[PDB]
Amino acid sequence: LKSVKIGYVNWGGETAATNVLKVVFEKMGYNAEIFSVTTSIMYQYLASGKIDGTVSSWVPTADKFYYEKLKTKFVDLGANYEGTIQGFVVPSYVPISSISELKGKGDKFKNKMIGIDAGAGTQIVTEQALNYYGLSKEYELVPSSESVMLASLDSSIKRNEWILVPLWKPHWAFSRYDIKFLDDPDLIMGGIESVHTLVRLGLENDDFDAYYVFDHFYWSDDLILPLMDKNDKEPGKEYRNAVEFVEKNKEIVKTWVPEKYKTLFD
């Protein structure tokens, strides 16, 4: 069978998207392999062509550190999703509105910001924001993972305790919990951005059908949020739930594939 390789990092939305594309390529007759790696390795592998594509690039702000360094070694096809935001998040019952109001209040947070995976773009920029706003001596930024960060948020809110986390949209946490972004006066965390699809240098030449799918993949909150939420409630079922997603959203999926293949999704 023909081959395509997709790199991703195991955050909820990117794992949802990557498993959906895996299912799409399988239905087109590919041995579609997906590879769960670190952000750094995903970008490295893309640049050396050891994967064919990623649908996980958060730009320009979150992934600046990786993207700027390697942009001559991949092709940026545009956005597959528009409307991202990353930033500092607290439960709504915490009575501050801005990142600067955190100054002097470290004690209420046990002097910690409960973060995600070391090296994630959002984690990098969060550390840069803590430095910029003069908070880094008072708040220790803790690396862990999306799962640990969300379990800690869930725990703190049930206790009615203050907690500070880096969070982002799109995420079901904003509908499941009453939480808020803090204001970011100098926009260190970026404005509203997008997730892009990047492919290796030779892909357009080598496998135009695979290029076409990467080039046409696009979706929105009404598809990704229910899927991210369902996957969270059904741990370990992301591939099965992607199979169901592709069956349930035939017409949209059709738009991502060359004419030749569209009836395979009927």
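So that there is no doubt, residue numbering starts at 1 and follows the sequence shown.
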{"query": "Comparing 74-82 with 131-139, the one whose average Cα B-factor in the PDB entry is higher", "finding": "131-139"}
{"query": "158-166 or 176-184, whichever carries the higher mean Cα B-factor", "finding": "158-166"}
{"query": "Deposited CA B-factor, highest of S56, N205, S220, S40", "finding": "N205"}
{"query": "Top residue by Cα temperature factor, when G106, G115, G87, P91 are compared in the entry", "finding": "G106"}
{"query": "Ranked C-alpha temperature factor of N111 among modelled chain residues, by third", "finding": "highest"}
{"query": "Within-chain third of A62 by Cα B-factor, per the entry", "finding": "lowest"}
{"query": "Cα B factor band for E251 (lowest, middle or highest third within the chain)", "finding": "highest"}
{"query": "Chain thirds of CA B-factor: placement of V148", "finding": "middle"}
{"query": "Cα B factor band for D229 (lowest, middle or highest third within the chain)", "finding": "lowest"}
